Amino acid sequence: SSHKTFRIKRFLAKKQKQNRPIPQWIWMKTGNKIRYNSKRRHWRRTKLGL
Amino acid sequence: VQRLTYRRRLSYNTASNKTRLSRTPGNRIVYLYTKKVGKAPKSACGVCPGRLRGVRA
Amino acid sequence: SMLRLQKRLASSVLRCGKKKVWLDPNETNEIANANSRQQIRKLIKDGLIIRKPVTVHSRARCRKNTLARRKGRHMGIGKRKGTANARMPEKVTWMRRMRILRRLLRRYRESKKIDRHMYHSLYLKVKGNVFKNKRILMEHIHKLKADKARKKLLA
Amino acid sequence: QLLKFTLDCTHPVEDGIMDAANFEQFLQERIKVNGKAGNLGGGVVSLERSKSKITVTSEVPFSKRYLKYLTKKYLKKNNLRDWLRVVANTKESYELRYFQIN
Amino acid sequence: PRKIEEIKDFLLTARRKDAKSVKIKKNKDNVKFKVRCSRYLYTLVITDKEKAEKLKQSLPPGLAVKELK
Amino acid sequence: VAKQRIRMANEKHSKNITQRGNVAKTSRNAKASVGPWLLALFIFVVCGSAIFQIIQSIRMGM
RNA sequence: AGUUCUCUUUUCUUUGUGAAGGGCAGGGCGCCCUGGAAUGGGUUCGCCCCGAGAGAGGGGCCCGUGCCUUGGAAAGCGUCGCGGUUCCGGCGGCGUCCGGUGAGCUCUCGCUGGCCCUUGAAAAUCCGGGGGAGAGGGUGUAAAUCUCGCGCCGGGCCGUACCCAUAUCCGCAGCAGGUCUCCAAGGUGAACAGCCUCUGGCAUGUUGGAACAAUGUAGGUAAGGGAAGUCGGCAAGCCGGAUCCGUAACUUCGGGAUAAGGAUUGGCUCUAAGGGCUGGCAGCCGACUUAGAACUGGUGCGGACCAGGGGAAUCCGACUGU
RNA sequence: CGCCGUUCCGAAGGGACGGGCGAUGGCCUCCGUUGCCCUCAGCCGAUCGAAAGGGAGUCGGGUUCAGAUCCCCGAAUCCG
Ligand SMILES: [Mg+2]
Ligand SMILES: [Mg+2]
Ligand SMILES: [Mg+2]
Ligand SMILES: [Mg+2]
Ligand SMILES: [Mg+2]
Ligand SMILES: [Mg+2]
Ligand SMILES: [Mg+2]
Ligand SMILES: [Mg+2]
Ligand SMILES: [Mg+2]
Ligand SMILES: [Mg+2]
Ligand SMILES: [Mg+2]
Ligand SMILES: [Mg+2]
Ligand SMILES: [Mg+2]
Ligand SMILES: [Mg+2]
Ligand SMILES: [Mg+2]
Ligand SMILES: [Mg+2]
Ligand SMILES: [Mg+2]
Ligand SMILES: [Mg+2]
Ligand SMILES: [Mg+2]
Ligand SMILES: [Mg+2]
Ligand SMILES: [Mg+2]
Ligand SMILES: [Mg+2]
Ligand SMILES: [Mg+2]
Ligand SMILES: [Mg+2]
Ligand SMILES: [Mg+2]
Ligand SMILES: [Zn+2]
C-alpha cells in the first residue's frame with residue numbers, strides 16, 4: 001500500500017537492488033562458474049511474503 | 001456532468017470526512033472539507049433545555 | 001510512428017478525453033517527436049492537434065414531446081405505469097390545498113374581511129375537508145358575511 | 001430603443017464571388033419579425049446597404065446571431081461555405097473571411 | 001486581505017516598517033492601491049481618478065512601487 | 001484555430017489512397033539558422049580570398 | 001460549430017471566482033420588555049402552544065456553506081488576431097450576459113415527531129463560571145496587568161509513484177470465482193427497473209479463414225387436439241402495468257385481497273377544474289396534473305421494455321428468523 | 001521456563017503558588033538560577049491499543065515523461 005512503514009520500505013528497497021542481472025565482466029573471471037543471476041524475482045510470478 | 005473525487009486518502013463517509021461543493025476561479029467544482037458544527041454551552045443548571053446566548057458555537 | 005504518448009499528452013493539455021484528441025494524419029512525423037507538453041502546446045496552437053466537438057445529443061425531440069404533454073397528449077390511461085398516488089401523491093395535494101386555504105384565511109383576517117372568531121371557525125373547517133378549493137371557500141365566506149350583516153340590521 | 005448590426009462582405013465581393021444587392025434582397029424577404037418574413041414587421045426592421053457593408057436596424061429586439069444564421073443559410077444556397085467563414089468583427093458586426101488554406 | 005477605507009489609514013499602512021511594496025491597479029471604475037505588508041495585503045479603492053494621482057505622489061519615498069498592467 | 005481544419009485535413013489524408021508508396025511526409029513544406037546577412041558575410045570572407053589573391057597577383061603583374 | 005435539396009430567428013457546445021476577514025440576506029431560538037386573553041385564541045402536512053403569560057407590538061442572540069466586497073482580473077476560460085529561437089505562465093481585441101421554475105435528484109443545515117423490557121463510547125484536549133489568597137501607584141517619568149491591533153522567530157521525524165481488478169490483490173495463471181468505499185447526465189418510466197443516448201472509456205474478452213451435415217448448448221414458432229406424456233404438469237406456457245367497477249368461504253376481526261370476475265388503454269383537436277404577485281375587481285406571471293368530449297386508423301393502442309395464472313382441499317410447522 | 005492478576009495483601013507524590021535560610025552569577029542598579037527547610041497536594045494506577053472513532057491549522061492558479069492541497073506564483077492560517 002502507499003501507507004508504509006519505514007522498516008517495510010527499507011526491506012522492499014533492498015529487494016529492489018538485488019533484482020538485477022550479473023555484470024558481464026564476472027564471466028571472464030578466472031575460476032568463474034556463474035552464468036546468470038539465479039535469484040531473479042518477478043513481482044507477479046513469486047511474492048515476497050511481506 | 002462533472003463528477004467528484006475525494007482529495008484525501010480517506011475513502012469512507014465518516015463523521016470526519018464531510019465535504020461541501022465549491023466552484024473555483026478556474027470554473028470547476030471541487031470538494032472543500034467542512035469543519036464540524038460547534039455547540040453553544042449548555043446551562044450549568046441542568047434544567048433548561050436551551051443553550052446559552054452571546055457565546056460563539 | 002506510435003503516437004500513444006502524444007495522444008495522452010494532448011488529452012491532458014486540452015482537458016478532454018483521448019477520444020476527442022485529433023492528431024493530423026498527414027503530420028504524424030512532426031507529432032511523433034513532440035515528447036513534452038511544451039511541444040504539444042505548440043502543435044495545438046499550430047493546428048496539428050485539435051479538440052473535436054462534442055457529439056450531438058439534441059433535446060429537440062423531447063422538447064417537442066414535452067410541449068405536447070403540456071397540452072394533454074400522451075397522458076391517457078394507456079400511457080400510465082405508476083399509480084395515481086405515485087404519479088401525484090395525495091399528501092402533497094393536501095399540503096398544497098391547506099397552505100393555499102390557510103393563506104387566504106390569514107389575508108381575509110388581516111384585511112378585516114373576517115374577524116378572528118370567524119377565521120377560527122373556518123380554520124378548523126378548512127382542516128376538516130369542508131372546502132375543496134379557493135373559490136368554494138371564498139363563496140362560503142361571502143354567504144356568511146351576508147347572513148351576519150342581515151342579523152346586525154335586525155339587531 | 002435602437003439596435004443596429006452590419007455584415008461586411010468586402011473580401012468576397014471585391015473578388016467578384018458575391019453580390020451585395022442579391023443578399024440585401026435575400027434578407028428583405030427572409031428576416032422574420034414575429035415569425036413573418038414578408039413586410040419586415042411593417043418597416044419596424046429597416047435594412048440599408050452601403051457599397052460593401054449591409055446594415056440592419058430595428059426598433060424592437062433583434063438577434064445578431066439571426067443574421068449569422070441567415071448569412072450561413074445564404075452562403076450555403078450559393079455554395080460558398082467551403083470557402084467563406086462568417087466571423088464576428090466587433091460587438092456589432094460580422095464579416096466573411098477565407099479559411100487559411102494553402 | 002484587508003480593505004482600507006480612508007486615505008490617511010492607507011498612508012499609515014504604507015509607512016509601516018514591514019511594508020514591502022505598493023501595487024497600483026487601474027480598472028474602468030476605480031484605481032486600487034495594494035500595499036504588501038507582513039500579514040495582510042491592504043487595498044485602498046478610489047473611485048476619483050484625480051485623487052489617485054494626488055495619492056500616488058504622497059507615497060513614501062523608499063517604499064517600492066509597481067504599476068500593474 | 002478553425003475547427004473546419006479537421007475536415008479539410010481528414011479529407012486530404014483520405015486522398016492518399018492513390019499515392020501509396022510515395023506519400024509526402026509533411027504537408028507543411030515551409031529555415032537556415034545561419035542568417036542570410038551573416039552567410040553573405042561568410043561568403044565575402046572565404047570565396048573572395050581566391051579571387052582577390054588573383055587580382056593582387058594581377059596588380060603585381062603590370 | 002453542425003444542418004440547410006425543402007423547412008428550421010434552428011440544433012450542439014460554452015458562458016468563473018478559493019480560503020480567511022468585513023457587510024448584508026436567509027434560517028433558527030424552550031431569549032428579553034410592554035400587556036393581559038372565553039364570544040378562547042394562535043397554528044402545522046401532522047402537530048402542538050398559552051394566566052407557570054396567548055395573540056399583537058418592540059428588541060436580543062446563534063448559524064449565515066447564500067449574496068456583495070477585499071481577495072480579483074493581474075488569474076482561468078471562450079473566441080478572433082499577431083509575433084518569436086520559434087519547447088515563450090508570449091503579446092493583443094472582444095466576451096465571460098439577463099431572467100424563470102420544480103413532491104425533481106444529490107449533499108447539507110434546521111424544526112418537529114415516532115420506536116425501544118434496545119436508550120445508542122471513553123479519553124486526550126480546550127473553555128466559562130464561583131471564590132478572593134494576593135499584586136499593583138500614589139496623582140505620575142504612573143504601576144501591576146491585558147484572551148485587543150500590529151510586528152519578530154520557528155515547526156523536526158516517517159508515508160506519498162502506480163494498480164485497486166473480466167491483466168498490477170487472493171484463488172499455482174492475464175482464472176466467468178472472491179475482495180471495503182466515494183461521485184453519478186438526457187429520454188421513457190413510479191423508479192438507483194429494463195431499453196436508447198451524451199461526458200469518459202473499450203475493441204468482443206488467450207486466435208483467425210471457409211462452410212451451414214448429423215448430435216448438441218441457448219433461443220423461437222407450430223395446424224387439429226389439449227396432460228392422452230411422465231412417478232409427478234418436470235419444462236414451457238398462460239396471467240401481468242395503470243384506471244374504473246367488483247370481490248366469497250373462513251377469520252385470531254387485523255386479514256383473506258392484486259381474492260375470484262369484468263371493462264378500458266393509441267393518435268389528434270378541444271373543453272373544464274385545480275395557483276402566485278402588484279394595485280367579490282383589474283392586470284401581469286406559472287406548474288404540472290385530473291376529468292370530460294369530438295374526430296380518427298385494416299380493433300390497433302401497458303404495441304418494445306417492464307410486468308402475479310387462478311380456484312377447492314388434505315398433512316406439517318403458528319408467523320418473521322436459522 | 002514462568003503463570004494469575006490490573007487496584008487487588010503497596011511507605012505507589014520526585015511536583016507547586018507562596019514563605020524563610022544560604023550559594024552563585026548577569027543587560028551586577030537588583031533580578032534570575034540554584035540548595036535546603038516550611039507550607040500545599042486524591043486521583044487510585046506503568047505502558048500499549050484505531051492510516052474508517054476523538055484530534056488546532058491551506059486554499060486558488062500554473063507547472064512534469066512520470067510528483068504535486070507537498071514544487072513555483074499568489075493569498076492565508078494554527079501551534080509554540
Ligand atoms: Mg497473484
Ligand atoms: Mg481520524
Ligand atoms: Mg462563493
Ligand atoms: Mg459574548
Ligand atoms: Mg394518506
Ligand atoms: Mg407573543
Ligand atoms: Mg480576462
Ligand atoms: Mg470574580
Ligand atoms: Mg498518488
Ligand atoms: Mg463474440
Ligand atoms: Mg478479436
Ligand atoms: Mg481476459
Ligand atoms: Mg473464452
Ligand atoms: Mg399445436
Ligand atoms: Mg390452434
Ligand atoms: Mg396420466
Ligand atoms: Mg403412460
Ligand atoms: Mg414449473
Ligand atoms: Mg384464496
Ligand atoms: Mg384434519
Ligand atoms: Mg416454519
Ligand atoms: Mg448462525
Ligand atoms: Mg498510543
Ligand atoms: Mg487516528
Ligand atoms: Mg505553503
Ligand atoms: Zn436554567
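Within every chain, numbering begins at 1; the chains are lettered A, B, ... in the order of the sequence lines, protein sequences first and strands thereafter.
Within the 4.0 angstrom heavy-atom criterion, only backbone atoms of the sugar-phosphate kind lie near E:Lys69; the bases stay farther away. Across all strands, B:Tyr31 comes closer than 4.0 Å only to sugar-phosphate atoms, never to a base (heavy-atom distances). Residue C:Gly78 is classed as a base contact, given a heavy-atom separation below 4.0 Å to a base. Among the protein residues, B:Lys39 comes within range of no part of the nucleic acid, since none of its heavy atoms lies under 4.0 Å from any strand.
Taken together, H:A16 and H:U39 constitute a Watson-Crick or G-U wobble pair, since both relevant N/O distances lie under 3.5 Å. By the Watson-Crick or G-U wobble test, with both distances required under 3.5 Å, G:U10 and G:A19 do not count as a base pair. Remark: the bases of H:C31 and H:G25 meet in a Watson-Crick or G-U wobble pair, both edge contacts within less than 3.5 Å. A canonical Watson-Crick pair (purine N1 to pyrimidine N3 plus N6-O4 or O6-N4) or a G-U wobble (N1-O2 and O6-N3), each contact under 3.5 Å, is present between G:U70 and G:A20. A Watson-Crick or G-U wobble pair links G:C277 with G:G283, each of its two atom distances being under 3.5 Å. Using the rule of two distances under 3.5 Å, G:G292 and G:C146 do not count as a Watson-Crick or G-U wobble pair. The bases G:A37 and G:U125 are not paired as Watson-Crick or G-U wobble with both atom distances under 3.5 Å. With both atom-pair distances required to fall under 3.5 Å, a Watson-Crick or G-U wobble pair links G:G297 to G:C301. Remark: the bases of H:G74 and H:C59 meet in a Watson-Crick or G-U wobble pair, both edge contacts within less than 3.5 Å. Between H:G22 and H:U34, a Watson-Crick or G-U wobble pair is formed, both defining distances falling under 3.5 Å.
Base stacking of G:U230 on G:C231: absent by the 5.5 Å centre and 30° plane cutoffs.
Note on ring orientation: taking the six-membered ring where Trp is involved, the planes of D:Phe23 and D:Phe26 are perpendicular (angle over 60°, cut-offs 30° and 60°). Classified by interplanar angle (parallel below 30°, tilted 30° to 60°, perpendicular above 60°), the ring pair C:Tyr123/C:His120 is parallel.
Remark: B:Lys42 engages B:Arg51 in a side-chain contact (heavy atoms from CB on, under 4.5 Å) (not counting sequence neighbours). Taking the side-chain contact (heavy atoms from CB on, under 4.5 Å) definition, one finds that D:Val33 meets it with D:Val45, sequence neighbours left out.
Along RNA chain G, the nucleotide closest to A:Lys47 and the one closest to C:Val56 are compared, and the more 5′ of them pairs with C:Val56.
Pucker assignment for G:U251 gives north. The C1'-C2'-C3'-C4' angle has a positive sign. North is the pucker class for the sugar of G:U79, given a positive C1'-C2'-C3'-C4' value. At H:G53 the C1'-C2'-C3'-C4' dihedral is positive, so the sugar adopts a north, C3'-endo-type conformation. The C1'-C2'-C3'-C4' dihedral of G:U296 is positive. Its furanose therefore counts as north. Residue note: H:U6 shows a south-type sugar, the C1'-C2'-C3'-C4' torsion being below zero.
The only option from E:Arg36, E:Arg2, E:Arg16, E:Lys34 that meets the side chain to side chain donor-acceptor pair (under 3.5 Å) definition with E:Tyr42 turns out to be E:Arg16. When each of C:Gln38, C:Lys45, C:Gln39 is tested with C:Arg41 by the rule side chain to side chain contact (heavy atoms under 4.5 Å, CB included), just one qualifies, namely C:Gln38.
Interface limits on RNA chain G: the 5'-most and 3'-most nucleotides within less than 4.0 Å of chain D heavy atoms are G:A1 to G:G95.
Because its NZ or CZ atom is both nearer than 6.0 Å to the ring centre of B:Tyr33 and within 45° of the ring axis, B:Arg8 counts as a cation-pi partner of that residue.
Between C:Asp46 and F:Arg28 there is a salt bridge, since a side-chain N of the basic residue sits under 4.0 Å from a carboxylate O of the acidic one.
Groove assignment (side chain, cut-off 5.0 Å) for C:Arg80: minor groove.
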